[PDB]
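J.: What follows is target21.cif, made up of mmCIF, C-alpha atoms:
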data_protein
loop_
_atom_site.label_atom_id
_atom_site.label_comp_id
_atom_site.auth_asym_id
_atom_site.auth_seq_id
_atom_site.Cartn_x
_atom_site.Cartn_y
_atom_site.Cartn_z
CA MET A 42 -92.26 -121.71 41.15
CA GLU A 43 -93.13 -124.90 39.36
CA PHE A 44 -94.35 -123.62 35.92
CA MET A 45 -90.91 -122.32 34.96
CA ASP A 46 -89.74 -125.93 35.38
CA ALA A 47 -90.82 -126.46 31.78
CA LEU A 48 -88.35 -123.74 30.70
CA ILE A 49 -85.52 -124.28 33.28
CA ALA A 50 -85.40 -127.94 32.13
CA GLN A 51 -85.01 -127.19 28.45
CA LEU A 52 -82.23 -124.55 28.71
CA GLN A 53 -80.45 -126.91 31.00
CA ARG A 54 -80.78 -129.38 28.03
CA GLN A 55 -79.66 -126.70 25.49
CA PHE A 56 -76.64 -125.92 27.72
CA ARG A 57 -75.48 -129.56 28.25
CA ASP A 58 -75.83 -130.10 24.50
CA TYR A 59 -73.95 -127.02 23.26
CA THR A 60 -71.30 -127.46 25.99
CA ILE A 61 -70.68 -131.04 24.88
CA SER A 62 -70.61 -129.99 21.17
CA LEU A 63 -67.86 -127.44 22.02
CA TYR A 64 -65.63 -130.23 23.38
CA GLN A 65 -66.54 -132.60 20.62
CA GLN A 66 -65.31 -129.97 18.13
CA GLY A 67 -62.21 -129.32 20.33
CA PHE A 68 -62.80 -125.57 20.87
CA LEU A 69 -62.25 -126.44 24.51
CA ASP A 70 -60.40 -128.91 26.72
CA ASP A 71 -59.67 -130.14 30.21
CA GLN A 72 -58.19 -126.80 31.34
CA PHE A 73 -61.49 -124.97 30.69
CA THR A 74 -63.17 -127.64 32.77
CA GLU A 75 -60.48 -127.19 35.43
CA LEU A 76 -61.24 -123.48 35.55
CA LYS A 77 -65.06 -123.94 35.93
CA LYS A 78 -64.15 -125.95 39.02
CA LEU A 79 -63.04 -122.62 40.49
CA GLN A 80 -66.57 -121.22 40.68
CA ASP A 81 -68.32 -120.97 44.12
CA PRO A 85 -70.45 -116.45 40.75
CA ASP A 86 -69.39 -115.51 37.17
CA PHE A 87 -65.56 -115.21 37.70
CA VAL A 88 -64.97 -117.67 34.84
CA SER A 89 -66.26 -114.95 32.43
CA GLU A 90 -63.91 -112.29 33.85
CA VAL A 91 -60.90 -114.53 33.43
CA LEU A 92 -61.94 -115.14 29.82
CA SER A 93 -62.12 -111.49 29.04
CA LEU A 94 -58.56 -111.08 30.38
CA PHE A 95 -57.69 -113.85 27.91
CA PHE A 96 -59.38 -112.12 24.95
CA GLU A 97 -57.57 -108.83 25.87
CA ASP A 98 -54.49 -111.01 25.48
CA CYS A 99 -55.45 -112.21 22.05
CA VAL A 100 -56.02 -108.69 20.86
CA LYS A 101 -52.84 -107.38 22.30
CA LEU A 102 -50.62 -110.29 21.45
CA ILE A 103 -52.01 -110.48 17.98
CA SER A 104 -51.49 -106.77 17.32
CA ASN A 105 -47.80 -107.36 18.40
CA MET A 106 -47.50 -110.07 15.75
CA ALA A 107 -49.16 -108.18 12.85
CA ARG A 108 -47.14 -105.09 13.75
CA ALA A 109 -43.90 -107.19 13.75
CA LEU A 110 -44.97 -109.12 10.58
CA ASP A 111 -45.75 -105.94 8.60
CA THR A 112 -42.29 -105.33 7.18
CA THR A 113 -40.73 -101.86 7.48
CA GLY A 114 -37.60 -103.91 6.49
CA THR A 115 -36.69 -107.45 7.77
CA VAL A 116 -38.73 -109.30 10.43
CA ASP A 117 -37.84 -109.76 14.08
CA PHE A 118 -38.88 -113.46 14.24
CA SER A 119 -37.47 -113.66 17.73
CA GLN A 120 -40.13 -111.27 18.94
CA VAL A 121 -43.08 -112.53 16.83
CA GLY A 122 -42.10 -115.78 18.59
CA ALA A 123 -42.38 -114.42 22.12
CA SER A 124 -45.99 -113.34 21.55
CA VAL A 125 -46.66 -116.70 20.10
CA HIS A 126 -45.16 -118.12 23.28
CA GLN A 127 -47.36 -115.99 25.58
CA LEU A 128 -50.37 -116.64 23.43
CA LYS A 129 -49.71 -120.38 23.68
CA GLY A 130 -49.50 -120.30 27.50
CA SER A 131 -52.43 -117.94 27.82
CA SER A 132 -54.70 -120.05 25.56
CA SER A 133 -53.48 -123.14 27.34
CA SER A 134 -54.44 -121.96 30.78
CA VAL A 135 -58.10 -121.38 29.73
CA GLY A 136 -58.56 -124.48 27.59
CA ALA A 137 -58.77 -122.58 24.26
CA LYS A 138 -57.73 -125.67 22.37
CA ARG A 139 -57.82 -124.59 18.74
CA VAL A 140 -55.88 -121.37 19.48
CA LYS A 141 -53.32 -123.40 21.49
CA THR A 142 -52.81 -125.93 18.65
CA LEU A 143 -52.38 -123.16 16.11
CA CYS A 144 -49.82 -121.55 18.51
CA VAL A 145 -47.69 -124.79 18.46
CA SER A 146 -47.50 -124.81 14.65
CA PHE A 147 -46.93 -120.97 14.54
CA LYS A 148 -43.84 -121.50 16.76
CA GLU A 149 -42.34 -123.90 14.21
CA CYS A 150 -42.73 -121.15 11.61
CA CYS A 151 -40.86 -118.51 13.66
CA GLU A 152 -37.97 -120.83 14.45
CA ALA A 153 -37.92 -121.75 10.76
CA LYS A 154 -38.21 -118.09 9.75
CA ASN A 155 -40.92 -119.20 7.32
CA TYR A 156 -42.51 -115.79 6.79
CA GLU A 157 -45.34 -117.03 4.59
CA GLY A 158 -46.40 -119.64 7.14
CA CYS A 159 -46.06 -117.12 10.03
CA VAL A 160 -48.66 -114.90 8.25
CA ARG A 161 -51.08 -117.79 7.35
CA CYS A 162 -50.67 -118.95 10.99
CA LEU A 163 -51.67 -115.49 12.22
CA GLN A 164 -54.85 -115.47 10.11
CA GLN A 165 -55.99 -118.84 11.44
CA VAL A 166 -55.25 -117.81 15.03
CA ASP A 167 -57.23 -114.56 14.47
CA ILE A 168 -60.18 -116.40 12.88
CA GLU A 169 -59.97 -119.04 15.62
CA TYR A 170 -59.89 -116.76 18.70
CA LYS A 171 -62.74 -114.71 17.29
CA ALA A 172 -64.93 -117.77 16.79
CA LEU A 173 -64.16 -118.98 20.32
CA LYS A 174 -65.23 -115.58 21.75
CA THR A 175 -68.63 -115.79 19.99
CA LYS A 176 -69.26 -119.38 21.20
CA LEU A 177 -68.42 -118.59 24.80
CA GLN A 178 -70.60 -115.44 24.73
CA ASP A 179 -73.48 -117.67 23.72
CA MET A 180 -72.59 -120.09 26.45
CA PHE A 181 -72.45 -117.37 29.08
CA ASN A 182 -75.62 -115.83 27.74
CA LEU A 183 -77.20 -119.22 28.15
CA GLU A 184 -75.92 -119.34 31.73
CA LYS A 185 -77.65 -115.90 32.43
CA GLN A 186 -80.93 -117.09 30.80
CA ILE A 187 -80.94 -120.06 33.21
CA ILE A 188 -79.86 -118.24 36.42
CA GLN A 189 -82.56 -115.57 36.27
CA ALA A 190 -85.42 -117.90 35.37
CA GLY A 191 -84.48 -119.68 38.59
CA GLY A 192 -82.54 -122.85 37.60
CA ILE A 193 -79.02 -124.06 38.48
CA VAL A 194 -76.15 -124.60 35.98
CA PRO A 195 -75.24 -128.33 35.40
CA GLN A 196 -71.70 -129.50 36.19
CA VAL A 197 -71.44 -131.50 32.84
#
Could I get this structure in the form of structure tokens?
T.:
Amino acid sequence: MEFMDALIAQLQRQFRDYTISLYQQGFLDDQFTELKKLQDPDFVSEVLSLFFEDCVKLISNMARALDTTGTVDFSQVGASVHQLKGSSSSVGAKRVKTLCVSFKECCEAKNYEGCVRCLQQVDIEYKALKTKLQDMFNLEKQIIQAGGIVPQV
């Protein structure tokens, strides 16, 4: 009913704006976009949680392997970096993906110091992406109930 149009309109603004600021800061890219295109109801959010389960897992693999009970298996730190790369790629998680590309250099180079610093950034970075996308999805929920549609941006 037409009094909520005041509100529906503004969150739709809020949404477009935030959404655009996430690309402008390269937290996201064309593959996120590509995955939105696979909506019909909130399946995008389920995929993303499967991706954050991946961060948690794959990162624990790395910290476990990097914490030295005597000489590092760089080959295997590297395989989690590889899966992390592909996984962040397929959702558009652009800062995590970029960090993954540099982190691969550091395995290959057996630069242990780098490998660790790389891990920290990746951990910081995936955790900040989770927060931002929560907001975004929250914002989607606030629009849906409240009777508006979500803009294709």
J.: Run the PyMOL selection byres ((chain A and resi 167) around 12) mentally over the shown coordinates, then write out the matched residues as a ChimeraX atom specification, using the chain letters and numbers from the document.
T.: /A:96,98-104,106-107,128,139-141,143-144,160-166,168-174
J.: Evaluate the PyMOL selection byres ((chain A and resi 64) around 12) and record the selected residues as a list in words, following the chain and residue labels used in the document.
T.: residues 57, 58, 59, 60, 61, 62, 63, 65, 66, 67, 68, 69, 70, 71, 72, 73, 74, 136, 137, 138, 139, 173, 176 and 197 of chain A
J.: Write out as a PyMOL selection string which residues come within 9 Å of segment 108-116 of chain A when counting only C-alpha atoms, dropping same-chain ones fewer than 6 positions away.
T.: chain A and resi 154+156+159-160
J.: Hey, what comes out of the PyMOL selection byres ((chain A and resi 187) around 12) on this file? Could you write it as a ChimeraX atom specification?
T.: /A:45-56,180-186,188-195
J.: Could you check how far atom CA of residue 91 of chain A sits from atom CA of residue 132 of chain A, in Å to one decimal?
T.: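 Result for atom CA of residue 91 of chain A versus atom CA of residue 132 of chain A: 11.4 Å, one decimal.
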